[PDB]
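Read through the structure below, which is laid out as structure tokens, and then see the notes.
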Amino acid sequence: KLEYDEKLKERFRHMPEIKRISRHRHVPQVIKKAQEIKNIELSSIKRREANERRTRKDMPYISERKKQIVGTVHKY
Amino acid sequence: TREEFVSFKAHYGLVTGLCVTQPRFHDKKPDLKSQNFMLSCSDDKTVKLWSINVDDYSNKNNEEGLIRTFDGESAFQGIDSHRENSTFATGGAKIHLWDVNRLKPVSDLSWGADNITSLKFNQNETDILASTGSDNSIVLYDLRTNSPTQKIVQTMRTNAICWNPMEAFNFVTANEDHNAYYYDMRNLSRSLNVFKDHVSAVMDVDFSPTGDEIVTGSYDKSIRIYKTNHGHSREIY
Amino acid sequence: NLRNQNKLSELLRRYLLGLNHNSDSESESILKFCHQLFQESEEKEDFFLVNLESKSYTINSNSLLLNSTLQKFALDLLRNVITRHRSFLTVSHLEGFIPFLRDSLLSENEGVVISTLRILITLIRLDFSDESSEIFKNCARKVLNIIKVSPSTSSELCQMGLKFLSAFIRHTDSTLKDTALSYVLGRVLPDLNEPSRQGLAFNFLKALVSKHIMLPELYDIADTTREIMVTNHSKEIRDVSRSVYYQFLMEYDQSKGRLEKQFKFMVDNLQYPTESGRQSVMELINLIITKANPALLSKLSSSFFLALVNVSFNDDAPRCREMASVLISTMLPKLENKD
Amino acid sequence: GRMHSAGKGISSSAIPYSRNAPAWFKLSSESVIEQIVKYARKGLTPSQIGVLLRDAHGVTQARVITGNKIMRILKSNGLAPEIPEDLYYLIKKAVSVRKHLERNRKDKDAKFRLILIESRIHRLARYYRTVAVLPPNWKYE
Amino acid sequence: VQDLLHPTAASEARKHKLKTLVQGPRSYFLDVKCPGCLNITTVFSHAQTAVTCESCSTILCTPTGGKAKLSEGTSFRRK
Amino acid sequence: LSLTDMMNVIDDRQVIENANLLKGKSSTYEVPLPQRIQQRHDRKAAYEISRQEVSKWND
Amino acid sequence: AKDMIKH
Amino acid sequence: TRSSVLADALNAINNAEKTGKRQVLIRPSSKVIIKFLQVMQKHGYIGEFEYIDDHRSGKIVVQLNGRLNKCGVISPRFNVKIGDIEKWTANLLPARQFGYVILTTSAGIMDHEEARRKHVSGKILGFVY
Amino acid sequence: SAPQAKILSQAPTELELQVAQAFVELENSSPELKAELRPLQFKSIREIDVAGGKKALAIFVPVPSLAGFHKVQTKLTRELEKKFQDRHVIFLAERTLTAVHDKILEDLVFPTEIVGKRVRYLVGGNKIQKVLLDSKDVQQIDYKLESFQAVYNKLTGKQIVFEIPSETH
Ligand SMILES: [Zn+2]
């Protein structure tokens, strides 16, 4: 039964109703308010960068994975 | 049982590192069945190796307490023990290699004058060591070569490193930019994966012995669990 | 703390220096003293009582530090007396200390072991009984175990073992297995790339060539050291390296194609950019000129001579120009008529 | 941060970290000294000399290029003001507004600005009299 | 998030001059070649005076609110 | 006057082969690099080996 | 190599 | 009314700690602030701290590990006798053994316990706990 | 001109004589640099080791003539390291202790300049002193940073770490 349910939940994970319940957690108030603020910052930063690419000829695209790296000693 | 085998006032200062080891003294085989040893380093510039009595087996029927002490010229900040053998490496102002049967550091490893904040041995390719700096850097070492190998500088400091038990060549880094980064040892230019849920600095990270999950402790008063193949936590504690 | 230990080490070192000039050191009582130092080293009640202390005492242990410190002093004193006064360096006087030497060899701290190696190197010539002779064989085994655990040969303890290992082969009849030497030479080769701290190992390398023991790595030694001659800057390293490589050449067998390549190097190295590097080659060239077979000289007369005048004609360093002119001067009289 | 006003502006110059002359500068220090004296002889204030010396001749700063400030360079060559440049301009601004105030007797706004300027002269006048740059007997108007 | 000790090079360039980890100037010095005589003059980027060729007495730049506008026909290089 | 010009003036072809050590590729050792540069190349050479060793785990 | 020198 | 640089630095550290910031930038610097931070670092109330030279007063950046409850400078810098130290501690601090009073004495700036150990006294600089 | 004329010291050392001979040789070969080289004269030479085993030639100079050297210094350094390879040649003036020390540092770093200075305070109490250099001649200085640390230690008796930001080393 428990193994059956585990496979069952995985199959219907992309569902709306199953998502709403499955991702729902009660975080402390301080951790939340960080997230709403952290979300509003992230949305705007995208919007400014999106507005840049309209008029900037040479803005490369940098993947999120390659963002944190400043450099490596032995290049390859 | 949620009780203490023993309690020691090990150091005058703060305990800045700790690891549990199975020493291999050259002329003596420790009774690991009846004793377990733990190794602690502190900012009092000392490393003290301990012995504890345990009741795991009843094939016998003491000497519990401090066993040996290594003196250091500088403050220590991180310690970890080679799995296959007894040798262990301590990280302070310089990252040192020690041997349980030698009071002075057996060999010196160091990229440069920058100090080392934390370190962690590999769990499968036991000869490879990773370390973290105060210059926002990650170094990689190879004991078979007895030298550093690669250095990478990040936008912010990294506090802990853990090696994937199932994939010898992977490690995750707890970072101070609210993130944990999953790296490939052979190509550090690009990170395999990035975990982004946390809202304060991440302080430690660990791999499930199954290799399929990582937990990250944060300064935000929370514990998060991630899957190795997805970029967000499946739980918050 | 460690700093005070260094300070205590300095003070203890000075006392030894004074003991050397002390007339007592010539007396036999000092051995009895050193032997003395050697053996010297090896609830319901509380429910009523009122306790008002808030700080716990930290577990600590320094008694081991005392014993090692006293042992280091005793060994350090013992070596000084025997070196300075020969008569105390006799079998009879030092029998009582052999069991202590074996203990110290297994002693944890390497500083005391280093002293144990130093004193042992003194006694390798000295005859000993059956039970007092095994220590030399056993110590030979241990130093290999020292080279084992050590990640790098460039450690104070490691060099002293090679020094003992060299002296072991040079003097004692029994000799180690070739496989062990091969590994030791293998470990020496990479660390040899930093000759500045490898000074002792060269003597051990000098020991093998002195006994002409055949190893595969020794050929690889010869090539690396020859580079060290013209590249390393310390004169002391260049001097010792010159002896072993020159010693390696005039004894060990080599194929004729190999011979030309080394002599090909030296003539080429006479054009080395650094003046000292050119200078260091000159002594080697001069050694061949000073002492070599006339037939060997005859094959090489034309080659060396003009490389010499060439530098003598053009050289940024006058001294190398002067030396090259000199070496020609001592060359031509020895040359054959045809040459 | 402004006194006599509520403004909090932070517009200012940023002296570069390096205190050595720029590499690209290739003019003798002595030749510079002859230049400051010429402008001062012509009647330019020390502030004005620096602007010209910076704008059109590549003298980044007097002290870095020559090792010495414009004031002491001038003072060495016999050129120095009667009264410090800072106090000098403040006096004129007090003089000018008075002249206008003489003609327009209803300009109550100007009357106030004179009090602020007048108060500012005293505070600066106090300082120079304290350091003995100005003689103690000196008094404003 | 930013590491105040080791800020990224791009991030500093975005900040105000006085708000950088170590304050510095953002101006620079130019070589402007006089059209009339072809002689070169050093002109501060933010010059406050109408710099003129000494040999030509020809206007090279004109003061503005910020950067000095270089007169037309005047070829220049950064020095 | 390079060394080659001198062995050219001989114009004998029997003394030249006697000067066997003098013909061939230059074997003078290059000047050693500064230490920090040398170790950096050692570190790179060390990094490559570590990659090759852990690649065995890839399968 | 560790084994050879051991013997 | 402006405040002393030491006071401003200590207020900045307090606020940065309580807000949850992991590193605080202090300007201007001084020898006194450096000695104060050295004492705090020895007792573990902060982590590393780094000093940037700007050809001005200079700047400092302090990493915070969260173990700092509060710091403060005490004025007027009244003198204290050695035997008096205990009394002052019991007044300025929460409990008998919690916290360290910092004193400027003939041998430099140091916490009160080291002042007892060396038998030296002087004026008081401030308190940490 | 004789080498002794170049040498201000009354009793010239052999190394002083050799470097002065190199000077006068560059003078003779120099068609117009001679005009600048003749007034230039150095007080002394010292030869100091570096960790890597290489060596440094610290030329002690008078300050007003240190300026003149700086005007021509780069070419002199180049031909001198030609005449004396295996040497890092550096011109230092002979001359509060903080002032003179940072002037010595400025002399050492020349032709490059110091971007900044940092001092790190570890937890144990140690202090790591570091000097940030610009990347104008990053390759040349990177070939000599160890020598700069060795020289500054030898003269001023301080341990310093030369680092070049904008590059990972
Ligand atoms: Zn013109």
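All of the numbers you see were taken from the coordinates with simple rules; none came from a lab. Reconstructed Cβ throughout: ideal geometry from the backbone, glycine too, with neighbour counts over all protein chains shown.
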With a 10 Å Cβ neighbour count serving as the proxy for reagent exposure, in which order, fewest first, do C:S298, C:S280, C:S150 appear? C:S298, C:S150, C:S280
Relative to the longest principal axis of the C-alpha atoms of chain D, give the angle of the C-alpha long axis of helix D:46-55, reported between 0 and 90° and rounded to the nearest 10°. 50 degrees
Nearest 20 debye, what's the magnitude of the dipole of the range B:1-112 about its Cα centre given +1 on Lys and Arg Cβ and -1 on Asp and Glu Cβ? 200 debye
Under Stokes-Einstein, the range H:1-68 at 10 °C and 1.306 mPa s, with its Kirkwood radius over C-alpha pairs, diffuses with a coefficient in µm²/s of 132 µm²/s
Return the whole-Å distance between the Cα centroid of the range B:72-127 and the Cα centroid of the range I:18-88. 45 Å
Specify the angular offset, from 0 to 90 degrees and rounded to the nearest 10, of the alpha carbon long axis of helix A:29-55 from the longest principal axis of the alpha carbons in chain A. 40 degrees
If we restrict to alpha carbons, what Rg and Dmax does chain A come to, in Å? 20.3, 58
Taking the Cα centre as origin and putting +1 on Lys and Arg beta-carbons and -1 on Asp and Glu beta-carbons, what dipole magnitude results for the protein assembly as shown, to the nearest 20 debye? 6840 debye
Per-residue HN-Hα couplings for the range B:74-88, Karplus 6.51 cos²θ - 1.76 cosθ + 1.60 at θ = phi - 60°, whole Hz, x for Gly and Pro? 10, 5, 9, 9, x, 9, 7, 10, 4, 6, 5, 10, 7, 4, 9
Quick one: plug the Kirkwood hydrodynamic radius of the range I:1-143 (C-alpha pairs) into Stokes-Einstein at 25 °C, 0.890 mPa s, and report D in µm²/s. 147 µm²/s
Using Cα-only point scatterers and the Debye equation, what is log10 of I(q)/I(0) for chain F at each q in 0.17 Å⁻¹, rounded to two decimals? -0.72
Below 13 angstrom from the Cβ of A:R48, what's the summed charge of the other residues (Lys, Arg +1; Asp, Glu -1)? +3
Just in the range D:1-90: which GluC sites (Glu not before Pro) are loop by DSSP and have at most 15 other Cβ atoms within 10 Å? D:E82
Summarise the long-distance tail of P(r) for the protein assembly as shown by giving the % of C-alpha pairs beyond 57 Å. 35 percent
Selected from E:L21, E:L38, E:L60 as most flexible by GNM, with chain E as the system and alpha-carbon contacts under 10 Å: E:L21
So which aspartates and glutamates can G:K2 reach, going by Cα to Cα under 16 Å and dropping same-chain residues fewer than 8 places off? B:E84, B:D127, C:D178
Tilt relative to chain H, helix H:31-43 - C-alpha long axis, 0 to 90 degrees, to 10: 70 degrees
If you average 1/r across every pair of different Cα atoms in the range D:1-90 and take the reciprocal, what Kirkwood value do you get, in Å? 14.8 Å
Go ahead and estimate [θ] at 222 nm for chain E from helices alone: -39,500 (n - 2.57) per DSSP H run with n ≥ 4, summed, over the residue count, rounded to 500. -1500 deg cm²/dmol
Proximal charge balance of C:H35 [Cβ under 14 Å; K/R count +1, D/E count -1]: -4
Please give the charge dipole size of chain C, origin at the Cα centre, charges +1 on K and R Cβ atoms and -1 on D and E Cβ atoms. Round to the nearest 20 debye. 1000 debye
dims of chain C, Cα set, principal axes, largest to smallest, nearest Å -> 109, 51, 43
Total formal charge among the other residues, if their Cβ is under 13 angstrom from that of B:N53, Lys/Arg +1 and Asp/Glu -1: -4
